[PDB]
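Take a look at the letters that make up each chain.
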12 protein chains.
Amino acid sequence: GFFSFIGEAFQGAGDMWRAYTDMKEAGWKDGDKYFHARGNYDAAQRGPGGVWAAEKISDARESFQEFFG
Amino acid sequence: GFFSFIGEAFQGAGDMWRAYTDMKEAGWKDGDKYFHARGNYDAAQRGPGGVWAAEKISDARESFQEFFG
Amino acid sequence: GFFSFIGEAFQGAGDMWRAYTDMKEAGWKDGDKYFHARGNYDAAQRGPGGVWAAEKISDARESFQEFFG
Amino acid sequence: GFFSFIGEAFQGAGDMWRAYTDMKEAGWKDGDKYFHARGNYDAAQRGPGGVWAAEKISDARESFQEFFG
Amino acid sequence: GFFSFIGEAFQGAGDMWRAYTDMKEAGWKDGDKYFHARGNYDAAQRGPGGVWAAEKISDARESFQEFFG
Amino acid sequence: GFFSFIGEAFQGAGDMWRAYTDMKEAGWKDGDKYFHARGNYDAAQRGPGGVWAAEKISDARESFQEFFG
Amino acid sequence: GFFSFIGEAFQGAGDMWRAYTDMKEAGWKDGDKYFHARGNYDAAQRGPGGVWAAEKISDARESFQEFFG
Amino acid sequence: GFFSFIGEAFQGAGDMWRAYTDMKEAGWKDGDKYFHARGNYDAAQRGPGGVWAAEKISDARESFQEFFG
Amino acid sequence: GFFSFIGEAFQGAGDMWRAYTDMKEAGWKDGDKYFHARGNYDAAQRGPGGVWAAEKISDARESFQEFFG
Amino acid sequence: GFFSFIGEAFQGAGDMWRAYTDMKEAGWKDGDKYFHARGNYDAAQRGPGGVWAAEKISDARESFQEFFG
Amino acid sequence: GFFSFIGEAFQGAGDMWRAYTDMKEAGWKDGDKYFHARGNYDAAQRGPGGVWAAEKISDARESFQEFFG
Amino acid sequence: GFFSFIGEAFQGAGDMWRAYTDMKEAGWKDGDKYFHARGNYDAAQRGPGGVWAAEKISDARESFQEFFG
């Protein structure tokens, strides 16, 4: 299939964005995650804009444009 | 299939955005997650805009535009 | 199928946005999640705009536009 | 399949962006992750713009443009 | 398949961006990761722009352009 | 398959960007990673621009251009 | 402009289907035409079907079809 | 401009299908035409079908088909 | 400009299909044409089919097909 | 410009298919044409099919096909 | 310019398919043409098929095919 | 310019397929042409197929094919 992972402007302990496929007779274990933040300024911020998730985009003409200032 | 994960401007302990597919005779275990925040300013913020989730977008013309100022 | 996950401006302990598909003879366990916040300012905020969830968008013309100021 | 991982502007303990495929008779274990931040300024920030996730983009003409200022 | 990993502007303890494929009778173990930051300024920042994830882009004409200022 | 790893502007303890393929009867172990930063200025920063991840790009004409200032 | 002349199954003396355009300070003369027919069988016949005269035909789909027997 | 002349299955004395364009200070003369037919069988006949005259045909899909028997 | 002349299955005395363009200070004369036919069988006949006159045909897909029997 | 002359299956006395272009201070004269036919069988016949006159045909895919039997 | 003359299956007295271009201070004269046919069988016949007159054909794919039987 | 003359399967008295270009202070005269045919069988015949007249054909792929039987 199509697997896509996009992530921007973020903070995490871990175990993120994974894609396990077609496994047979498997087994695993994952730990505990801790996230501690104290007294931080301006964290995990993203600017203006749009998100588009599309399986098929066909015959677009003069489309999907963005004009910032 | 089509799997898409998009995430911006966020903070988490963990175990996020995953896609397990086509598994047979499998087994797993995941931990406990802790998220602690104290006295932070301006966290996890996202700017203006739109979100579009589409399986098929066909023949768009002069569409999906954004004009910021 | 089509699986799409979009998330912005948020804070969580964990175990979010997942998509398990086509599994046979499987078993798993997930932990306990704790979220503690004390004295934070301006958290998890998102700016202006719209959300569109569509399976099929066909023949749009001069549509889906956004004008900020 | 198609696996794509894109990540920008972020801070994490670990175990991120992975893609396990076609495994048989396997087993593994992953640790615990800790993320500690105290008194940081301007962290994990991303600028303006858009995200597009597409399986197929066909016959685009004068599309997908961005104009910053 | 196609595996692509792109990452810019980030700080992590480790165990990131990996792609395990076609394994039989294997086993492994991974450690614990710690991320500690205190009193840093301007970390993990990315500038303006867009992200495009596409399996197939066909017959684009005068498309995918970016104009900064 | 096609494996591509691109990474710019970042700091990590280790164990990153790897691609294990076609292994049979193998086993390994990986350590613990520590990342400590205190009082640094301007770290892990990337400039303006776009990211494109594509399996096939066919017949592009006057496309994929970037104009900085 | 667009000038199109289509003629099928016909008999004439002459001076037909002409298109004079953009003339300045011109002059001409044309003769007399005689058409004489006596005792002919099966002349100037056209079979089944349709005529379409269009300046612009846009986005036709599964249209303009003809099924004879 | 676009000048197109199509003629099939016909009999004429002459002076047909002409296109005079952009003439200045010109002059001409044309004769007399005679058409005489006596006792002919099966003349100037055209088979089944359609005629389409179009300045622009855009984005036709599974259109303009003909099925004879 | 575009001048196209197509003619099939026909009989004429003469002076047909001509295209005079961009003439200055010119002059000419043309004769008389005679067409005489007596006792002919099966003359000037064309088979089944269609005629299309188009200035621009753009992006046709599975169109303009003909199936005879 | 583009001048194209296509003619098949026909009988004529003469002075046909000509294209005079860009003439200055010229002059000419043309004769009389005679066409006489008596007792001929099966003359000037064309088989099945289509005619297409186009200035521009762009991006046709699985189009303009003909299937005879 | 582009001048193309294609003619098949035909009988004529003369003065056909000519292209006079860029002439200055010229003059000429042409004769009379006679065409006489008596008692001929099967003359000037063309088989099945299509005619395409195009100034530009761009990016055709699996198009312009003919299948006879 | 481009001058092309193609002629097959035909019978004529003369003065055909000529291309006079770039002449200054010239003059000429041409005779009378006679075409006489009596009692001929199977003359001027052409087999199945297509005609294509194109100024530019760009990027054709698996196109312009003919399959006879």
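- The record lists cryo-EM as the method behind this PDB entry and 2.69 Å as its resolution.

Examining the overall build of chain A
Here comes step 1: Of regular secondary structure, chain A possesses zero helices and six strands.
Here comes step 2: For chain A, the succession of helices and strands along the chain, N to C, is β-β-β-β-β-β.
Here comes step 3: Its C-alpha atoms give chain A a radius of gyration of 19 Å, clearly above 11 Å, the size a compact globule of 69 residues would have.
Here comes step 4: Counting only C-alpha atoms, chain A reaches 50 × 45 × 5 Å along its principal axes.
Here comes step 5: For chain A, buried positions account for 72% of its 69 residues.
Here comes step 6: For chain A, restricting intrachain contacts to residue pairs at least 6 apart in sequence, the fraction spanning at least 24 positions comes to 24%.
Here comes step 7: Summed over its atoms, the accessible surface of chain A is roughly 1,400 Å², and 47% of this surface lies on carbon and sulfur atoms.
Here comes step 8: Here chain A contributes 8 positive and 11 negative side-chain charges, whose respective centroids are spaced 6 Å apart.

Topic: the pattern of salt bridges
Here comes step 1: Tallied over the entire structure, the rule returns 100 salt bridges over all chains.
Here comes step 2: Its salt-bridge partner being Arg18(D), residue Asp15(E) comes within 3.5 Å of it at the nearest N-O pair. Linking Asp15(E) in strand β1 (residues 2-18) with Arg18(D) in strand β1 (residues 2-18), this pair reaches from one chain into another.
Here comes step 3: Using a relative accessible area of 0% as the deciding quantity, one classes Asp15(E) as buried.
Here comes step 4: Given the relative accessible area of 0%, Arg18(D) is considered buried.
Here comes step 5: A salt bridge links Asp30(H) to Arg18(H), with the shortest nitrogen-to-oxygen separation between them at 3.4 Å. Taken together, the positions of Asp30(H) in the loop between β2 (24-29) and β3 (33-38) and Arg18(H) in strand β1 (residues 2-18) put the pair 12 residues apart, joining distant regions of the chain.

A look at the sheet that holds strand β3 (residues 33-38) of chain I
Here comes step 1: Pairing in this open sheet of six strands is parallel, and the strands run β3(G)-β3(H)-β3(I)-β3(J)-β3(K)-β3(L) from one edge to the other. Edge positions in the open sheet fall to β3 (33-38) of chain G together with β3 (33-38) of chain L, since each of these has one partner strand only. In this sheet, neighbouring strand axes are inclined to one another by 0° on average, regardless of whether the strands run parallel or antiparallel.
Here comes step 2: Pairing of strand β3 (residues 33-38) of chain J with strand β3 (residues 33-38) of chain K involves six bridges; the strand directions are parallel. Within β3(K), the position partnered with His36(J) by the bridge is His36(K).

Comments concerning the interface of chain A and chain B
Here comes step 1: At the interface, 69 residues of chain A touch 69 residues of chain B.
Here comes step 2: Across the chain A/chain B interface, buried area totals approximately 5,900 Å², and carbon plus sulfur atoms make up 48% of it.
Here comes step 3: Our count for the chain A to chain B interface comes out at three salt bridges.
Here comes step 4: Among the salt bridges present, the one from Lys24(A) reaches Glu25(B), with a minimum N-O distance of 3.9 Å.
Here comes step 5: Counting across the chain A and chain B interface gives 82 residue pairs in polar contact.
Here comes step 6: Taken together, the elements giving at least two residues each to the side of chain A that touches chain B come down to β1 (2-18), β2 (24-29), β3 (33-38), β4 (41-46), β5 (51-58) and β6 (65-67) of chain A.
Here comes step 7: Tallied by class, the residues present in the side of chain A that touches chain B amount to 30 nonpolar, 20 polar and 19 charged.
Here comes step 8: Where β4(A) meets strand β4 (residues 41-46) of chain B, four bridges bridge the pair, whose relative direction is parallel. Bridging across to β4(B), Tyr41(A) finds its partner in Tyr41(B).

Observations regarding the sheet that holds strand β4 (residues 41-46) of chain C
Here comes step 1: Overall, parallel pairing links the six strands, which are arranged β4(C)-β4(B)-β4(A)-β4(D)-β4(E)-β4(F) in an open sheet. Since the sheet does not close on itself, it has two edges, and those belong to β4 of chain C together with β4 (41-46) of chain F, each with one partner. When the angles between neighbouring strand axes are averaged without regard to direction, this sheet yields 0°.

Some details on the interface of chain J and chain L
Here comes step 1: On the side of chain L, four residues touch chain J, which itself brings four residues to the contact.
Here comes step 2: Of all residues in chain J, the largest losses of buried area upon contact with chain L belong to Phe2(J), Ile6(J) and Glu8(J), amounting jointly to 85% of the total for that side.
Here comes step 3: There are zero residue pairs in polar contact connecting chain J and chain L.
Here comes step 4: Tallied by class, residues from the side of chain J that touches chain L come to two nonpolar, one polar and one charged.

A short note on the arrangement of the chains
Here comes step 1: Regarding chain A and chain F, the two do not touch, and the least distance separating their C-alpha atoms is 10 Å.
Here comes step 2: Separated without contact, chain F and chain G have their nearest C-alpha atoms at a distance of 24 Å.

A word on the environment of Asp30(G)
Here comes step 1: Judged by relative accessible area, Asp30(G) falls into the partly exposed class, the value being 24%.
Here comes step 2: Measuring from C-alpha to C-alpha, the distance between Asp30(G) and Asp15(G) comes to 8.2 Å, with 15 residues separating the pair along the chain.
Here comes step 3: Once you skip the residues sitting within four places of it in the chain, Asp30(G) turns out to touch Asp15(G), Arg18(G), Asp15(H), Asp30(H) and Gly31(H).
Here comes step 4: A polar contact is formed between the side chain of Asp30(G) and the side chain of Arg18(G), at a distance of 3.4 Å.

Re a positive patch on the surface
Here comes step 1: Together, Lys29(A), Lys29(B), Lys29(C), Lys29(D), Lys29(E) and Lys29(F) give the surface a local cluster of positive charge.
Here comes step 2: According to the relative accessible area criterion, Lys29(D) is partly exposed, its value standing at 36%.

A short note on the packing of aromatic side chains
Here comes step 1: Summed over the entire model, instances satisfying the criterion amount to 198 aromatic pairs over all chains.
Here comes step 2: An angle of 0° between the planes, with centres 4.9 Å apart, marks the rings of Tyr20(G) and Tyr20(H) as stacked. One end of the pair, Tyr20(G), is in the loop between β1 (2-18) and β2 (24-29); the other, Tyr20(H), is in the loop between β1 and β2, on a second chain.
Here comes step 3: A relative accessible area of 0% means that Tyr20(H) is categorised as buried.
Here comes step 4: Ring geometry for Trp52(H) and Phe64(H): centres 6.1 Å apart, planes at 75°, overall edge-to-face. Here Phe64(H) lies in the loop between β5 (51-58) and β6 (65-67) and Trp52(H) lies in strand β5, a separation of 12 residues in the sequence.
Here comes step 5: Here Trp52(H) falls in the buried class, since its relative accessible area comes to 1%.

A short note on the nonpolar core
Here comes step 1: Ranked by internal contacts, the top residues of the largest apolar core, which has 29 residues, are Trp17(I), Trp17(J) and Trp17(K).
Here comes step 2: At the level of elements, β1 of chain G, β1 of chain H, β1 (2-18) of chain I, β1 (2-18) of chain J, β1 (2-18) of chain K together with β1 (2-18) of chain L are the ones that each hand at least two residues to this core.
Here comes step 3: By size, the runner-up hydrophobic cluster in this structure holds 28 residues, among which are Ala19(A), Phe5(B), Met16(D) and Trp17(D).

About the cut-offs
- Residues numbered from 1 in each chain as written, not as in the entry; some residues may be left out.
- Chains lettered and ligands numbered in written order.
- Heavy atoms only, no water.
- Helix = DSSP H or I, 4+ residues; strand = E, 2+ residues; numbered from the N terminus.
- Rg over C-alpha atoms; globule rule 2.2 N^0.38 Å.
- Buried < 20%, exposed > 50% of the residue type's maximum accessible area, 1.4 Å probe, protein only.
- Contact = heavy atoms within 4.5 Å.
- Areas by Shrake-Rupley, 256 points an atom, 1.4 Å probe, with all protein chains shown as cover.
- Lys, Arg positive; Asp, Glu negative; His and termini not counted.
- Charge placed at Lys NZ, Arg CZ, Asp CG, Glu CD.
- Salt bridge = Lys/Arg side-chain N within 4 Å of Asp/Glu carboxyl O.
- Pairing = 2+ DSSP bridges.
- Axes fitted to C-alpha atoms, helices over the stretch in contact; angles between N-to-C directions.
- Buried area = accessible area lost by both parts, 1.4 Å probe.
- Polar contact = N/O pair within 3.5 Å; in protein donor to acceptor, adjacent residues only side chain to side chain.
- Nonpolar A, V, L, I, M, F, W, Y, C, P; charged D, E, K, R; others polar.
- Patch = residues over 30% accessible without salt bridge, like charges linked within 9 Å, V, L, I, M, F, W, Y side chains within 5 Å.
- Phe/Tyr/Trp six-rings, centres within 6.5 Å; stacked < 30°, edge-to-face > 60°.
- Core = buried A, V, L, I, M, F, W, Y, C linked by side-chain atoms within 4.5 Å.

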